[PDB]
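Contents: one structure, followed by commentary.
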Amino acid sequence: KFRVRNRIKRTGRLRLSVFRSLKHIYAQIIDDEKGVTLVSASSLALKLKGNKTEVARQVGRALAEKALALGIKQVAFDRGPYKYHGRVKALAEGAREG
Amino acid sequence: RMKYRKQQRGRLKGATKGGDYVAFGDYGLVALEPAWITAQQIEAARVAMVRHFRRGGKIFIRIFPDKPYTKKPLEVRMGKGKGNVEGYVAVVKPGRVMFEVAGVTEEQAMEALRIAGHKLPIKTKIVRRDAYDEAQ
Amino acid sequence: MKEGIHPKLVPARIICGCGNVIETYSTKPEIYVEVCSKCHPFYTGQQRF
Amino acid sequence: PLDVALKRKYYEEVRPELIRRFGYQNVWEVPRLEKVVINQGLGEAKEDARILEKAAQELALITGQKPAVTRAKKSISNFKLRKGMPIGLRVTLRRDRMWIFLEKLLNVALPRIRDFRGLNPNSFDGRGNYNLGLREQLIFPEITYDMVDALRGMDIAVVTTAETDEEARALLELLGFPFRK
Amino acid sequence: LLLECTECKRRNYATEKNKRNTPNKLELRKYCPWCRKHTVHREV
RNA sequence: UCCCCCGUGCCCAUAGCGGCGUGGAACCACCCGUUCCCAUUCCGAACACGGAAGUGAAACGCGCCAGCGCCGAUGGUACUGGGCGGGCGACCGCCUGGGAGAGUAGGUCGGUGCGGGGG
RNA sequence: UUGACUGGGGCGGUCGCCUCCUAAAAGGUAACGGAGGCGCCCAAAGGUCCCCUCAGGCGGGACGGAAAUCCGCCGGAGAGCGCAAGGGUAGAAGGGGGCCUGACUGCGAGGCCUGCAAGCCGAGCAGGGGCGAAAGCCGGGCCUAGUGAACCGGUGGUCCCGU
RNA sequence: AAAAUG
RNA sequence: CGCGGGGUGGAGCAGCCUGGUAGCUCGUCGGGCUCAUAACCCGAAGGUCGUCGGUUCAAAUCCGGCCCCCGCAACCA
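Protein chains in written order, with the numbering used here: chain F, 1 to 98; chain W, 1001 to 1136; chain L, 2001 to 2049; chain P, 3001 to 3181; chain E, 4001 to 4044.
As structure tokens, this is what we get:
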């Protein structure tokens, strides 16, 4: 089993919980200490193309505008099994860096 | 016959554990006063027990020494006693059932235990059964 | 499946009849019968009759 | 060198007889096959400049991958070598590389094994999957006699996606696994 | 061993502590000097 | 509104183990491949990328079961702030407030916010 | 000049520090009361990023004990955590790998403990760095023992003094 | 100028 | 009661604080010399290292528990 929880090591509020399926990637901005979610940007549960990586971006841009819209910026990335690689949000806007 | 030992005297308060119930056997020997019973005593009783009815039934000794009884050599003061020397003992709080017999007549059984009591440094009482259990 | 670690392939695979003369494929000792059989005591008395 | 009979046959020949023989429903509820682990123990890495990364690759040839030098988990004064380092070579053939090796095994090695009568049908004994150990290292088509500088066989394990040794036993009796009933 | 690190071509000390026989000798490593910022600091 | 499912948090075993049928349209997974990214002390097993033919067998989801596990009263005592008698002593007892632990009856194969995709 | 403690003194034992217990559920708490350690060690046994998860038990396996190394289930911790014990811990403090050297310099809010003087924790600011995409973490080590005021000198260094 | 007993 | 020395093949002594190699003399055993015995000569064997366990990869060896063996003290009233 993977006890990953690479997260849990999230203390500076605002979590960009991702989630790669086997076709669609979902990202989600969440507030801890007070369990609730705000910004969201799925893969095909949205629409756009059929190419993972390619999509993985236009799917992140999504969070950008969407988020910035309601006054969001500085945050920390996320997703544990994640393995910072292919899946990506390498995009402007959010000051989550990376 | 084990563990790290030469322990603290400690004391015997109320006999909140002085009062079980015949577990096996048929008749029994329950204690009335609290005390430390030297193994020397147990045997000295048990023996006379069996010995009272040569080639008889079964004897059950629920009490069991494990507490080390220390003692000084006949001098003054300087660290705990040589300890043990004489040996170990078991702690009996008024009510505990020490010995219990079975497989024999009450005339034989009852009279058997009576003797034991003389060996023990306490005051005893003899019991039958039919009492406690967990049935319905 | 990585760097100068592995070794090769080519035909060291489905090269079926790769000269069974190497020693023996599913040739002999098919796990059946070979030389003679048993000796048999008594059941074999050629002394007389 | 991509697809081999054994593999082939397994599909267009074994599956059926099995689907029937036993009687399944979902091709996955079937008796798949997926892992072979030829492992050695050797004996040591003790004195006299004992490199023994020789039979290391000797093993590679007989297979395809490079084995993993195994190390001590404990330390035993009884018979030398303790604490770490030492040796206990191992390798894991999966898919392709696996099929072939077996096919090469079940048609040249075992044959020829010293004498040979079959295999032990008790080695599974029930618990899904098999096992067996070969004494000689030169009982392989790739390796030679003027090559091996010292005997030292080993043991190989094999894994079934099936449970009951019954199944497992059938799957191999079909794949050509001989059996000293 | 009571060691200290002498920034090559100057002063300063770090006051470390090696283990000699236990693989040592030639101790030196990027430390921060007081005379401007870093150098490496040797042994001695 | 009420269903189904993919992410997530909270309560932190009454959600556990083990059984028993079900779910593939969606989702999810397993699968299809190893050219590229990157991979395993040897293995694309795991990480990873590219694809979607086949499957619900694995795994996960959802239900039912009490055999194991977990929970668990009420009563009643043990012990006990405080106060107080009897006896030479060893010890026994009352008044006034608190009050288990075991064991019994019995309970339980979850509960609950947030955001999503589908009828 | 030839110490003190000490159920008289001598003889014997001891003399500082760590950990359980005694200790009576905050701390603290005696006795020549019960029971064990320390006067070191790591240049990786330290930083950070990324991975992995134990011990056992049960089968199955060439040499092969009753654990050498393999494969398969079961096993939430009984292993591990340099050395005593204890507390803590796998949702890692454990096992492995890549880069590193913060085992930094200037400081230090606010506290713990406390007769004194000592001991302990420490966010944050500055400088100039490490690892990570990043959020971030880094002033030695899972933590508590591994230590000694002053005086007198020794080696260096430097803005100072120098009859 | 020479290495015990039965 | 307390200190401290010591238990190793059959006898008598090493080896132990500096853990992995058990050494010496005597005697036991086999073969020679001699008419024969000694002597002398050549060649072998033989040790759970007192015990019950602890630490270690490994204990004759280091740390505790008794069992016999040996010595030294046990003083003022």
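Here a beta-carbon is modelled for each residue, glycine too, at the ideal position from N, C-alpha and C.
Next on the checklist: Against chain L, with Cβ distances strictly below 8 Å, would residue 3100 of chain P count as a contact?
Outcome noted: yes
Checklist entry - Which ranges would you report for the beta strand (DSSP E) in the stretch 1060-1131 of chain W if only whole runs of at least 3 residues count? => result 1067-1069, 1087-1092, 1097-1102 and 1124-1127
Checklist entry - Would a check of beta-carbon distances place residue 3118 of chain P closer than 8 Å to chain L? => result yes
Checklist entry - Among F:60, F:66 and F:49, which residue has its Cα nearest to the Cα of residue 19 of chain F? => result F:60
Next on the checklist: Residues of the stretch 3056-3068 of chain P in Cβ contact with chain L at a cutoff of 8 Å, in chain order, please.
Outcome noted: 3060, 3061, 3064, 3065 and 3066
Checklist entry - Which whole-angstrom value describes the C-beta separation of residue 1073 of chain W and residue 1088 of chain W, a residue pair presumed to lie in contact below a C-beta threshold of 8 Å? => result The Cβ separation is near 19 Å, so there is no contact.
Next on the checklist: Is residue 3039 of chain P close to chain L? Criterion is C-beta to C-beta, closer than 8 Å.
Outcome noted: Not closer than 8 Å to any Cβ of chain L, the Cβ of residue 3039 of chain P fails to qualify, so no.
Checklist entry - Comparing the CB of residue 5 of chain F with every heavy atom of the ligand FAD, is any distance shorter than 7 Å? => result What this structure holds is no ligand at all, so the ligand FAD is not there to describe.
Checklist entry - If you compare alpha carbons, which of F:38, F:58, F:37 and F:30 is closest to residue 46 of chain F? => result F:58
Item to check | residue 32 of chain F in three-state terms, based on DSSP | outcome: Annotated three-state conformation of residue 32 of chain F is coil, per DSSP.
Next on the checklist: Counting only C-beta atoms, is residue 2007 of chain L closer than 8 Å to chain P at any point?
Outcome noted: yes
Checklist entry - What do you reckon, are the CB atoms on residue 3180 of chain P and residue 3118 of chain P nearer than 8 Å? => result yes
Checklist entry - Got a sec: which bits of the stretch 3086-3114 of chain P sit with their beta carbon under 7 Å from any beta carbon on chain L, in order along the chain? => result 3100, 3107, 3108, 3111 and 3112
Next on the checklist: Starting from residue 3033 of chain P, trace the beta strand (DSSP E) in both directions and tell me its first and last residue.
Outcome noted: 3033-3039
Item to check | For residue 3171 of chain P, the three-state DSSP class (helix, strand or coil) | outcome: helix
Item to check | residue 37 of chain F - partner residues in DSSP beta bridges | outcome: F:30
Next on the checklist: According to DSSP, residue 3112 of chain P sits in a beta bridge with which residue or residues?
Outcome noted: Partner(s): none; residue 3112 of chain P has no beta bridge.
Next on the checklist: Considering just the uninterrupted stretch of the beta strand (DSSP E) at residue 3015 of chain P, what are its terminal residues?
Outcome noted: Unbroken run through residue 3015 of chain P is the alpha helix (DSSP H), 3015-3018; no beta strand (DSSP E).
Next on the checklist: Using 8 Å for Cβ pairs, my map puts residue 14 of chain F next to residue 75 of chain F. What's the rounded Cβ distance?
Outcome noted: 4 Å
Checklist entry - Since residue 3031 of chain P and residue 3160 of chain P are thought to touch, with beta carbons under 8 Å apart, how far apart are those beta carbons, to the nearest angstrom? => result 6 Å
Next on the checklist: Could you compute how far the alpha carbon of residue 2041 of chain L sits from the alpha carbon of residue 3156 of chain P?
Outcome noted: 42 Å
Next on the checklist: Looking at chain P, is there any beta carbon in it that lies within less than 8 Å of the beta carbon of residue 2010 of chain L?
Outcome noted: Using a Cβ-Cβ cut-off of 8 Å, residue 2010 of chain L counts as an interface residue toward chain P, since at least one Cβ of chain P sits closer than that to its own.
Item to check | Integer Cβ distance of residue 1092 of chain W from residue 1037 of chain W, believed to fall under 8 Å | outcome: Yes, residue 1092 of chain W and residue 1037 of chain W are in contact; Cβ-Cβ is about 6 Å, under 8 Å.
Item to check | 8 Å CB neighbourhood of residue 3112 of chain P in its chain, flanking five on each side removed | outcome: 3139
Item to check | Close-in-space but distant-in-sequence residues of the same chain around residue 3061 of chain P (CB under 7 Å, 5 per side omitted) | outcome: 3142 and 3143
Checklist entry - Where does residue 2025 of chain L fall in DSSP's three states? => result coil
Checklist entry - Is DSSP giving residue 1036 of chain W helix, strand or coil here? => result strand
Item to check | Collapsed DSSP secondary structure at residue 3090 of chain P in the structure displayed | outcome: The three-state reading of DSSP puts residue 3090 of chain P in strand, counting E and B together.
Next on the checklist: Determine, for residue 3031 of chain P, whether the minimum Cβ-Cβ distance to residues of chain L falls below 8 Å.
Outcome noted: no
Next on the checklist: With H, G and I counted as helix, E and B as strand and the rest as coil, what does DSSP make of residue 3023 of chain P?
Outcome noted: helix
Checklist entry - Is the CB-CB distance between residue 4040 of chain E and residue 4025 of chain E below 8 Å? => result no
Checklist entry - Under the three-state reduction of DSSP, which class applies to residue 1028 of chain W: helix, strand or coil? => result strand
Item to check | According to DSSP, residues forming a beta bridge with residue 3155 of chain P | outcome: P:3039
Item to check | Residues of the stretch 3129-3163 of chain P whose Cβ lies closer than 8 Å to any Cβ of chain L, in chain order | outcome: Residues of the stretch 3129-3163 of chain P that bring their beta carbon within less than 8 Å of a beta carbon in chain L comprise 3141 and 3142, in sequence order.
Item to check | Identity of the residues DSSP links to residue 15 of chain F by a beta bridge | outcome: F:30 and F:76
Next on the checklist: Buried or exposed, going by whether 16 or more other CB atoms sit within 10 Å of the CB of residue 3165 of chain P?
Outcome noted: Classification of residue 3165 of chain P: buried, given that the 10 Å Cβ count is 16 or more.
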